[PDB]
Structures are given as structure tokens and as C-alpha cells.
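J.: Before anything else, here's the structure in question.
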Amino acid sequence: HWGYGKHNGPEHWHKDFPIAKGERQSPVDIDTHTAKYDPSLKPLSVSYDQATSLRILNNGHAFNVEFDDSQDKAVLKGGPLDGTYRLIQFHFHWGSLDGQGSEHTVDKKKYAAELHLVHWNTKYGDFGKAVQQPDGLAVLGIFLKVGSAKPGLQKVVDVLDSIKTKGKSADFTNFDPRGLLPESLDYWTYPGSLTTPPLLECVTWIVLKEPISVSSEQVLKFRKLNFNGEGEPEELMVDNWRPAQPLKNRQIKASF
Ligand SMILES: [Zn+2]
């Protein structure tokens with residue numbers, strides 16, 4: 001099955017998912033001199049005051065914090081978006097070392113981790129219909145650099161113990177995602193896809209310019225997770241990041 005090892009790594013995904021070599025693949029390298037400032041681009045609108053987290057799950061390639069998306073409780077709008085996108089879940093991508101982990105790179109600079117807050121267009125009614133459309137999903141990408149601790153992240157850090165291996169889940173209520181956002185909402189945007197199989201090209205990527213810093217110990221716990229299910233040989237969940245894909249004449253626009 002797909003994963004991130006040498007035998008089932010990102011380099012083999014095309015076999016089972018041909019779209020892997022498509023025209024609007026993610027992630028990509030954001031070249032700052034080449035991105036275009038677009039003044040017609042509106043400020044993002046992040047309204048997460050009413051978000052309802054439900055649980056955290058180790059799905060074998062990461063850990064997802066999932067939200068109640070049966071109503072417009074946590075939404076994202078504005079930016080290069082048209083309509084309302086409801087928050088479904090958030091997960092991360094991290095490395096074995098602080099020197100790598102992010103999916104997107106800036107001027108070829110690799111961050112320690114990358115957070116993805118996944119949202120779906122409500123005119124499609126359900127997440128499942130949404131992935132089938134060109135403007136079905138909106139993902140907020142936030143880079144993580146090692147420095148000072150991120151208070152807002154500790155709640156997550158603390159429950160990882162609980163969902164060590166694939167298939168485990170834990171009750172994860174009352175978690176406010178506002179605690180993971182940077183001060184500034186300046187962004188870069190381009191049309192791309194999911195960074196994991198099925199790699200569908202349904203995403204409008206919104207990657208924040210300003211990184212959030214987390215401490216060395218915060219990041220360390222992410223690395224204690226396992227790709228394997230319980231009672232199986234242990235394989236640390238590290239380097240669950242897909243490398244940069246060809247931009248292929250897509251244009252990266254900047255809000256600043
Ligand atoms: Zn992701």
C-alpha cells in the first residue's frame with residue numbers, strides 16, 4: 001500500500017495513481033521573485049470562533065484532528081476563493097530532522113513541518129463530491145519553524161500518546177484552531193491537488209507567508225508516532241512529506 005518508505009514512497013505512487021504526474025500537482029517550490037503580486041486578491045476571512053473538534057486519529061500516514069462540518073461552524077472565505085469552505089480536519093507533515101518536513105518550500109527552503117487545515121466548498125454538499133471538482137477544496141498551509149513553544153499546540157502534543165499506532169482515535173473536543181494561526185495572514189496562492197493519494201487536483205492552495213514557531217520538544221513527540229498498527233514491527237512516523245512537483249506554467253500569486 002502507498003506510504004513513505006523506499007519501497008512505497010512518493011516515487012512509486014504514479015503506478016497506482018497516474019494523476020501523480022498530472023498538470024497541477026502539489027506541493028511546489030514557491031519562488032518569491034517570480035510570484036506575482038495581485039492587487040485584486042482579497043484578504044482571507046478565517047471565522048473559527050464556532051469550530052467544533054470531535055476527535056484525533058492516527059490514520060497510518062499522519063494524525064488528523066477532525067471537526068463537525070454538518071453546519072457552517074468553522075469557515076474560510078475571501079482570498080482567491082468564491083463561496084464558503086467548511087473546515088473538516090487539520091493534520092501535519094514533519095521530518096526526522098528539523099532541517100526538513102514541510103511539503104511546500106520557499107525559495108527552496110524547507111521548514112520543520114507544515115500544517116494543513118483542509119476545507120471543502122459547501123456548494124458541493126459533502127466532502128466526497130467536493131474532491132471531484134476543480135474548486136472543491138481549499139487548504140491553508142502553515143509552515144512550522146523550531147524555536148519557542150506554541151502554547152496553542154500543546155493540547156495536541158499531549159494526546160499523541162493515546163493514538164500511537166494506526167487506527168487509534170481519541171475524543172478531542174473543545175480544541176480551538178485559532179491558536180495555530182500566525183499573526184499575519186499574508187499569503188501565496190496557486191491551484192494544486194491533494195499531497196497524498198488519490199492526489200486529486202481539486203485544491204486551491206493558500207500558503208501563509210509567516211511561519212509559526214514550535215519548540216524542539218513539541219516536534220519531538222510528533223516523531224514518536226508510528227506508521228504501523230499495534231502489535232506490528234515499529235516504524236516511526238517521520239518524513240511523511242511529498243517532495244516538490246513541477247509548477248508547469250501555473251502562476252503563483254501573492255497577496256502582498
Ligand atoms: Zn497535508
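Residues in the C-alpha cells are numbered from 1 in each chain, the chains being A, B, ... in the order shown, and ligands are numbered from 1 in the order shown.
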I want to know what sits within 9 Å of residue 216 (chain A), based on only C-alpha atoms, with residues of the same chain fewer than 4 positions away left out; could you give that as a list in words?
T.: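 Everything that qualifies: residues 98, 146, 147, 148, 149 and 220 of chain A.
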J.: Per DSSP on the backbone, what are the strand (DSSP E or B) residues of region 115-215 of chain A, as JSON, numbers by chain?
T.: {"A": [115, 116, 117, 118, 119, 120, 121, 137, 138, 139, 140, 141, 142, 143, 144, 145, 146, 169, 170, 171, 187, 188, 189, 190, 191, 192, 203, 204, 205, 206, 207, 208, 212, 213, 214]}
J.: Take the residues just selected and output them with N, CA and C atoms as a CSV table (one decimal), in the first residue's frame.
T.:
chain,number,residue,atom,x,y,z
A,115,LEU,N,1.6,22.5,8.4
A,115,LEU,CA,0.2,22.2,8.9
A,115,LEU,C,-0.8,22.5,7.8
A,116,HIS,N,-1.7,21.6,7.7
A,116,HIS,CA,-2.7,21.7,6.6
A,116,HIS,C,-4.1,21.6,7.3
A,117,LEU,N,-4.8,22.7,7.1
A,117,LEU,CA,-6.2,23.0,7.5
A,117,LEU,C,-7.0,22.8,6.2
A,118,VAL,N,-7.7,21.7,6.1
A,118,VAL,CA,-8.5,21.3,5.0
A,118,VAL,C,-10.0,21.7,5.1
A,119,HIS,N,-10.4,22.4,4.0
A,119,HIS,CA,-11.8,22.9,3.9
A,119,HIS,C,-12.4,22.5,2.5
A,120,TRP,N,-13.7,22.3,2.5
A,120,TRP,CA,-14.5,21.9,1.3
A,120,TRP,C,-15.6,22.9,1.0
A,121,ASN,N,-15.8,23.2,-0.3
A,121,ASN,CA,-16.8,24.1,-0.9
A,121,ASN,C,-18.2,23.5,-0.5
A,137,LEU,N,-11.9,22.0,-3.0
A,137,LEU,CA,-11.1,22.2,-1.7
A,137,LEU,C,-10.3,23.4,-1.6
A,138,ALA,N,-10.1,23.8,-0.4
A,138,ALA,CA,-9.2,25.0,0.0
A,138,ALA,C,-8.4,24.5,1.1
A,139,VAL,N,-7.1,24.5,1.0
A,139,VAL,CA,-6.2,24.1,2.1
A,139,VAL,C,-5.3,25.3,2.5
A,140,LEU,N,-5.3,25.5,3.8
A,140,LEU,CA,-4.5,26.6,4.4
A,140,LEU,C,-3.2,25.8,4.8
A,141,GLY,N,-2.1,26.3,4.3
A,141,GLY,CA,-0.8,25.7,4.6
A,141,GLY,C,0.0,26.7,5.5
A,142,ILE,N,0.5,26.2,6.6
A,142,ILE,CA,1.2,27.0,7.6
A,142,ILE,C,2.6,26.1,7.9
A,143,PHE,N,3.6,26.8,7.8
A,143,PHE,CA,5.0,26.3,8.0
A,143,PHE,C,5.3,26.4,9.5
A,144,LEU,N,6.1,25.5,10.0
A,144,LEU,CA,6.5,25.4,11.4
A,144,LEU,C,8.0,25.5,11.5
A,145,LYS,N,8.5,26.4,12.3
A,145,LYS,CA,10.0,26.5,12.4
A,145,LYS,C,10.2,26.3,14.0
A,146,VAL,N,11.4,25.7,14.3
A,146,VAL,CA,11.7,25.3,15.6
A,146,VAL,C,12.4,26.6,16.3
A,169,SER,N,-7.9,6.2,17.8
A,169,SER,CA,-8.6,7.5,17.8
A,169,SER,C,-8.9,7.8,19.3
A,170,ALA,N,-9.0,9.1,19.5
A,170,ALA,CA,-9.3,9.7,20.8
A,170,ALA,C,-10.2,10.9,20.6
A,171,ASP,N,-11.0,11.0,21.7
A,171,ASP,CA,-12.0,12.1,21.8
A,171,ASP,C,-11.1,13.4,21.9
A,187,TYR,N,-0.5,35.9,2.1
A,187,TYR,CA,-0.4,34.6,1.5
A,187,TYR,C,0.0,34.6,0.0
A,188,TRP,N,0.3,33.3,-0.3
A,188,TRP,CA,0.6,32.9,-1.7
A,188,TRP,C,-0.5,31.8,-2.0
A,189,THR,N,-0.9,31.9,-3.3
A,189,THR,CA,-2.0,31.0,-3.7
A,189,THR,C,-1.7,30.5,-5.2
A,190,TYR,N,-2.1,29.3,-5.3
A,190,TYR,CA,-2.0,28.6,-6.6
A,190,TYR,C,-2.9,27.4,-6.6
A,191,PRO,N,-3.4,27.0,-7.7
A,191,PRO,CA,-4.3,25.9,-7.9
A,191,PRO,C,-3.5,24.5,-7.9
A,192,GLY,N,-3.8,23.6,-7.0
A,192,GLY,CA,-3.0,22.3,-7.0
A,192,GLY,C,-3.8,21.2,-6.6
A,203,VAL,N,-7.6,21.2,-5.4
A,203,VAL,CA,-7.3,22.2,-4.3
A,203,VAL,C,-6.7,23.6,-4.8
A,204,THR,N,-7.2,24.6,-4.0
A,204,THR,CA,-6.8,25.9,-4.1
A,204,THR,C,-5.9,26.0,-2.9
A,205,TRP,N,-4.6,26.1,-3.1
A,205,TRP,CA,-3.7,26.2,-2.0
A,205,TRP,C,-3.5,27.7,-1.6
A,206,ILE,N,-3.6,27.8,-0.2
A,206,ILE,CA,-3.4,29.1,0.4
A,206,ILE,C,-2.3,28.9,1.4
A,207,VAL,N,-1.1,29.3,1.1
A,207,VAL,CA,0.1,29.0,1.9
A,207,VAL,C,0.5,30.4,2.6
A,208,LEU,N,0.4,30.4,3.9
A,208,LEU,CA,0.8,31.6,4.7
A,208,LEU,C,2.3,31.9,4.6
A,212,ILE,N,4.8,29.6,11.9
A,212,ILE,CA,4.6,29.6,13.4
A,212,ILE,C,5.8,28.8,13.9
A,213,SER,N,6.2,29.2,15.1
A,213,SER,CA,7.4,28.6,15.7
A,213,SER,C,6.8,27.6,16.7
A,214,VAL,N,7.5,26.4,17.0
A,214,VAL,CA,7.1,25.4,17.9
A,214,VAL,C,8.5,25.1,18.6
J.: All residues within 10 Å of ligand 1 are required, counting only C-alpha atoms and all ligand atoms; please report them as a PDB file with N, CA and C atoms, in the first residue's frame.
T.:
ATOM      1  N   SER A  26       0.784  18.987  -6.403  1.00  0.00           N
ATOM      2  CA  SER A  26       1.313  19.665  -5.215  1.00  0.00           C
ATOM      3  C   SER A  26       2.149  18.636  -4.416  1.00  0.00           C
ATOM      4  N   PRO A  27       3.054  19.097  -3.587  1.00  0.00           N
ATOM      5  CA  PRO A  27       3.384  20.546  -3.370  1.00  0.00           C
ATOM      6  C   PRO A  27       4.366  21.052  -4.427  1.00  0.00           C
ATOM      7  N   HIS A  61      -0.640   7.465   8.250  1.00  0.00           N
ATOM      8  CA  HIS A  61       0.301   8.395   7.491  1.00  0.00           C
ATOM      9  C   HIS A  61       0.351   9.800   8.158  1.00  0.00           C
ATOM     10  N   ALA A  62      -0.365   9.887   9.246  1.00  0.00           N
ATOM     11  CA  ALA A  62      -0.404  11.170   9.987  1.00  0.00           C
ATOM     12  C   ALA A  62      -1.485  11.011  11.101  1.00  0.00           C
ATOM     13  N   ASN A  64      -4.978  13.147  12.250  1.00  0.00           N
ATOM     14  CA  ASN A  64      -5.989  14.129  11.827  1.00  0.00           C
ATOM     15  C   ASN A  64      -6.829  14.578  13.067  1.00  0.00           C
ATOM     16  N   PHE A  90      -7.597  18.928  10.191  1.00  0.00           N
ATOM     17  CA  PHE A  90      -6.258  19.553  10.067  1.00  0.00           C
ATOM     18  C   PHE A  90      -5.293  18.367  10.423  1.00  0.00           C
ATOM     19  N   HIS A  91      -4.160  18.341   9.886  1.00  0.00           N
ATOM     20  CA  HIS A  91      -3.084  17.354  10.052  1.00  0.00           C
ATOM     21  C   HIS A  91      -1.750  18.073   9.731  1.00  0.00           C
ATOM     22  N   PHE A  92      -0.685  17.408   9.952  1.00  0.00           N
ATOM     23  CA  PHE A  92       0.694  17.895   9.736  1.00  0.00           C
ATOM     24  C   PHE A  92       1.542  16.916   8.905  1.00  0.00           C
ATOM     25  N   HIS A  93       2.669  17.412   8.479  1.00  0.00           N
ATOM     26  CA  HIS A  93       3.718  16.746   7.730  1.00  0.00           C
ATOM     27  C   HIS A  93       4.993  17.220   8.453  1.00  0.00           C
ATOM     28  N   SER A 102       8.514  19.978   5.828  1.00  0.00           N
ATOM     29  CA  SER A 102       7.443  20.742   5.062  1.00  0.00           C
ATOM     30  C   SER A 102       7.345  20.159   3.662  1.00  0.00           C
ATOM     31  N   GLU A 103       6.164  20.435   3.056  1.00  0.00           N
ATOM     32  CA  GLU A 103       5.915  19.941   1.695  1.00  0.00           C
ATOM     33  C   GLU A 103       6.249  21.033   0.691  1.00  0.00           C
ATOM     34  N   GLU A 114       4.780  21.280   8.355  1.00  0.00           N
ATOM     35  CA  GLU A 114       3.798  22.020   7.586  1.00  0.00           C
ATOM     36  C   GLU A 114       2.394  21.543   8.070  1.00  0.00           C
ATOM     37  N   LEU A 115       1.621  22.486   8.448  1.00  0.00           N
ATOM     38  CA  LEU A 115       0.237  22.228   8.916  1.00  0.00           C
ATOM     39  C   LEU A 115      -0.764  22.465   7.784  1.00  0.00           C
ATOM     40  N   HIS A 116      -1.708  21.552   7.677  1.00  0.00           N
ATOM     41  CA  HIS A 116      -2.714  21.733   6.591  1.00  0.00           C
ATOM     42  C   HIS A 116      -4.122  21.631   7.255  1.00  0.00           C
ATOM     43  N   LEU A 117      -4.817  22.740   7.063  1.00  0.00           N
ATOM     44  CA  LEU A 117      -6.171  22.956   7.527  1.00  0.00           C
ATOM     45  C   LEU A 117      -6.996  22.803   6.230  1.00  0.00           C
ATOM     46  N   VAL A 118      -7.703  21.720   6.127  1.00  0.00           N
ATOM     47  CA  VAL A 118      -8.489  21.280   4.982  1.00  0.00           C
ATOM     48  C   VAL A 118      -9.995  21.737   5.067  1.00  0.00           C
ATOM     49  N   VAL A 139      -7.100  24.516   0.952  1.00  0.00           N
ATOM     50  CA  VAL A 139      -6.204  24.139   2.054  1.00  0.00           C
ATOM     51  C   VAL A 139      -5.331  25.291   2.497  1.00  0.00           C
ATOM     52  N   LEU A 140      -5.343  25.536   3.812  1.00  0.00           N
ATOM     53  CA  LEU A 140      -4.454  26.560   4.428  1.00  0.00           C
ATOM     54  C   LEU A 140      -3.167  25.848   4.826  1.00  0.00           C
ATOM     55  N   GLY A 141      -2.055  26.326   4.297  1.00  0.00           N
ATOM     56  CA  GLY A 141      -0.758  25.726   4.601  1.00  0.00           C
ATOM     57  C   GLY A 141      -0.020  26.689   5.501  1.00  0.00           C
ATOM     58  N   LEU A 194      -4.349  17.273  -3.901  1.00  0.00           N
ATOM     59  CA  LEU A 194      -4.094  16.665  -2.542  1.00  0.00           C
ATOM     60  C   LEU A 194      -2.589  16.208  -2.627  1.00  0.00           C
ATOM     61  N   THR A 195      -1.924  16.199  -1.474  1.00  0.00           N
ATOM     62  CA  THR A 195      -0.488  15.841  -1.499  1.00  0.00           C
ATOM     63  C   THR A 195      -0.305  14.338  -1.146  1.00  0.00           C
ATOM     64  N   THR A 196      -1.408  13.687  -0.915  1.00  0.00           N
ATOM     65  CA  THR A 196      -1.432  12.251  -0.635  1.00  0.00           C
ATOM     66  C   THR A 196      -2.442  11.653  -1.667  1.00  0.00           C
ATOM     67  N   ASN A 240       6.855  12.162   6.432  1.00  0.00           N
ATOM     68  CA  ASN A 240       5.594  11.852   5.742  1.00  0.00           C
ATOM     69  C   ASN A 240       5.235  13.033   4.866  1.00  0.00           C
ATOM     70  N   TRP A 241       6.237  13.464   4.109  1.00  0.00           N
ATOM     71  CA  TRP A 241       6.164  14.594   3.155  1.00  0.00           C
ATOM     72  C   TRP A 241       6.558  14.182   1.781  1.00  0.00           C
ATOM     73  N   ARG A 242       5.782  14.716   0.811  1.00  0.00           N
ATOM     74  CA  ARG A 242       5.945  14.529  -0.614  1.00  0.00           C
ATOM     75  C   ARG A 242       6.821  15.752  -1.084  1.00  0.00           C
TER      76      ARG A 242
END
J.: Would you list, as JSON, numbers by chain, the residues of region 172-256 of chain A that end up in helix (DSSP H, G or I) under DSSP run on this structure's backbone?
T.: {"A": [177, 178, 179, 180, 216, 217, 218, 219, 220, 221, 222]}
J.: I'd like the interatomic distance between CA of residue 199 (chain A) and CA of residue 186 (chain A), to a tenth of an Å.
T.: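 About the pair CA of residue 199 (chain A) and CA of residue 186 (chain A): they are 26.2 Å apart.
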J.: Skip residue 43 (chain A) itself and residues of its chain fewer than 4 positions away, then list as a list in words all residues within 10 Å of it, counting only C-alpha atoms.
T.: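 Near residue 43 (chain A), the qualifying residues are residues 77, 78, 79, 80, 185, 186, 187 and 255 of chain A.
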J.: Limited to N, CA, C and O atoms, could you put the picked residues into a file as an mmCIF file, in the first residue's frame?
T.:
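again28.cif written:
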data_model
loop_
_atom_site.group_PDB
_atom_site.id
_atom_site.type_symbol
_atom_site.label_atom_id
_atom_site.label_comp_id
_atom_site.auth_asym_id
_atom_site.auth_seq_id
_atom_site.Cartn_x
_atom_site.Cartn_y
_atom_site.Cartn_z
ATOM 1 N N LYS A 77 -13.203 32.074 3.821
ATOM 2 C CA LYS A 77 -13.759 32.712 2.610
ATOM 3 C C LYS A 77 -12.902 33.858 2.257
ATOM 4 O O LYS A 77 -11.921 34.132 3.051
ATOM 5 N N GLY A 78 -13.181 34.477 1.164
ATOM 6 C CA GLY A 78 -12.319 35.678 0.764
ATOM 7 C C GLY A 78 -11.021 35.150 0.155
ATOM 8 O O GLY A 78 -11.036 33.981 -0.249
ATOM 9 N N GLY A 79 -9.982 35.952 0.110
ATOM 10 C CA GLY A 79 -8.724 35.420 -0.509
ATOM 11 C C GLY A 79 -9.143 35.232 -2.028
ATOM 12 O O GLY A 79 -9.942 36.061 -2.526
ATOM 13 N N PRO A 80 -8.602 34.228 -2.662
ATOM 14 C CA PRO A 80 -8.951 33.939 -4.068
ATOM 15 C C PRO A 80 -10.185 33.025 -4.223
ATOM 16 O O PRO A 80 -10.543 32.620 -5.361
ATOM 17 N N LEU A 185 -1.724 37.255 7.998
ATOM 18 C CA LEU A 185 -2.469 36.382 7.074
ATOM 19 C C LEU A 185 -2.085 36.585 5.614
ATOM 20 O O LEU A 185 -2.850 36.216 4.698
ATOM 21 N N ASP A 186 -0.897 37.155 5.426
ATOM 22 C CA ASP A 186 -0.373 37.447 4.054
ATOM 23 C C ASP A 186 -0.172 36.037 3.424
ATOM 24 O O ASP A 186 0.287 35.089 4.132
ATOM 25 N N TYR A 187 -0.531 35.926 2.144
ATOM 26 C CA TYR A 187 -0.386 34.637 1.504
ATOM 27 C C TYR A 187 0.028 34.590 0.045
ATOM 28 O O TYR A 187 0.086 35.551 -0.659
ATOM 29 N N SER A 255 -0.503 37.892 -2.229
ATOM 30 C CA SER A 255 -1.456 38.880 -1.672
ATOM 31 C C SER A 255 -0.657 40.075 -1.122
ATOM 32 O O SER A 255 -1.334 41.047 -0.621
#
J.: For region 223-226 of chain A, list every protein, DNA or RNA residue within 12 Å, evaluated using only C-alpha atoms, and leave out those in the same chain fewer than 6 positions away; present the list as a PDB file with C-alpha atoms, in the first residue's frame.
T.:
ATOM      1  CA  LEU A  57      -6.962   9.829  14.721  1.00  0.00           C
ATOM      2  CA  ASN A  58      -3.722   8.128  13.670  1.00  0.00           C
ATOM      3  CA  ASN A  59      -4.637   7.086  10.051  1.00  0.00           C
ATOM      4  CA  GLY A  60      -1.299   5.410   9.297  1.00  0.00           C
ATOM      5  CA  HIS A  61       0.301   8.395   7.491  1.00  0.00           C
ATOM      6  CA  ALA A  62      -0.404  11.170   9.987  1.00  0.00           C
ATOM      7  CA  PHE A  63      -2.778  12.299  12.697  1.00  0.00           C
ATOM      8  CA  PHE A  92       0.694  17.895   9.736  1.00  0.00           C
ATOM      9  CA  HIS A  93       3.718  16.746   7.730  1.00  0.00           C
ATOM     10  CA  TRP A  94       7.074  16.632   9.595  1.00  0.00           C
ATOM     11  CA  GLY A  95      10.604  15.298   9.293  1.00  0.00           C
ATOM     12  CA  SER A  96      13.174  13.080  11.009  1.00  0.00           C
ATOM     13  CA  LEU A  97      15.296  16.182  11.389  1.00  0.00           C
ATOM     14  CA  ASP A  98      14.456  19.880  11.895  1.00  0.00           C
ATOM     15  CA  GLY A 101       9.492  18.166   6.963  1.00  0.00           C
ATOM     16  CA  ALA A 112      10.475  21.720  10.118  1.00  0.00           C
ATOM     17  CA  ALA A 113       6.805  20.813   9.486  1.00  0.00           C
ATOM     18  CA  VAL A 157       1.102  17.215  21.775  1.00  0.00           C
ATOM     19  CA  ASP A 158      -0.290  15.731  24.958  1.00  0.00           C
ATOM     20  CA  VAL A 159      -2.811  13.378  23.384  1.00  0.00           C
ATOM     21  CA  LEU A 160      -0.376  11.746  20.850  1.00  0.00           C
ATOM     22  CA  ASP A 161       0.495   9.132  23.499  1.00  0.00           C
ATOM     23  CA  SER A 162      -3.048   7.858  23.062  1.00  0.00           C
ATOM     24  CA  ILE A 163      -3.141   7.281  19.386  1.00  0.00           C
ATOM     25  CA  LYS A 164       0.388   5.950  18.911  1.00  0.00           C
ATOM     26  CA  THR A 165      -0.450   3.399  16.239  1.00  0.00           C
ATOM     27  CA  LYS A 166      -2.589   3.275  13.083  1.00  0.00           C
ATOM     28  CA  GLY A 167      -6.287   3.028  13.625  1.00  0.00           C
ATOM     29  CA  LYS A 168      -6.391   4.505  17.127  1.00  0.00           C
ATOM     30  CA  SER A 216      12.177  21.268  19.809  1.00  0.00           C
ATOM     31  CA  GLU A 217      10.328  19.140  22.368  1.00  0.00           C
ATOM     32  CA  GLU A 232       3.318  -4.874  14.408  1.00  0.00           C
ATOM     33  CA  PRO A 233       7.011  -4.106  13.977  1.00  0.00           C
ATOM     34  CA  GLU A 234       7.582  -0.470  14.929  1.00  0.00           C
ATOM     35  CA  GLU A 235       8.256   2.126  12.166  1.00  0.00           C
ATOM     36  CA  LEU A 236       8.497   5.750  13.407  1.00  0.00           C
ATOM     37  CA  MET A 237       6.087   8.133  11.660  1.00  0.00           C
ATOM     38  CA  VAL A 238       8.747  10.542  10.224  1.00  0.00           C
ATOM     39  CA  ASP A 239       9.256  12.207   6.852  1.00  0.00           C
ATOM     40  CA  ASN A 240       5.594  11.852   5.742  1.00  0.00           C
TER      41      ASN A 240
END
J.: Measuring between only C-alpha atoms, which one of A:127, A:82, A:197, A:175 shows the shortest distance to residue 13 (chain A)?
T.: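 Smallest distance to residue 13 (chain A) is found for A:197.
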J.: How far is it from CA of residue 38 (chain A) to CA of residue 253 (chain A), in Å with one decimal?
T.: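 Result for CA of residue 38 (chain A) versus CA of residue 253 (chain A): 6.1 Å, one decimal.
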J.: Can you work out which one of A:88, A:30, A:20, A:244 has the shortest atom-to-atom distance to residue 54 (chain A), counting only C-alpha atoms?
T.: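 The answer is A:88, which sits nearest to residue 54 (chain A).
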J.: What separation in Å, quoted to one decimal, exists between CA of residue 227 (chain A) and CA of residue 5 (chain A)?
T.: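 We find that CA of residue 227 (chain A) and CA of residue 5 (chain A) lie 10.4 Å from each other.
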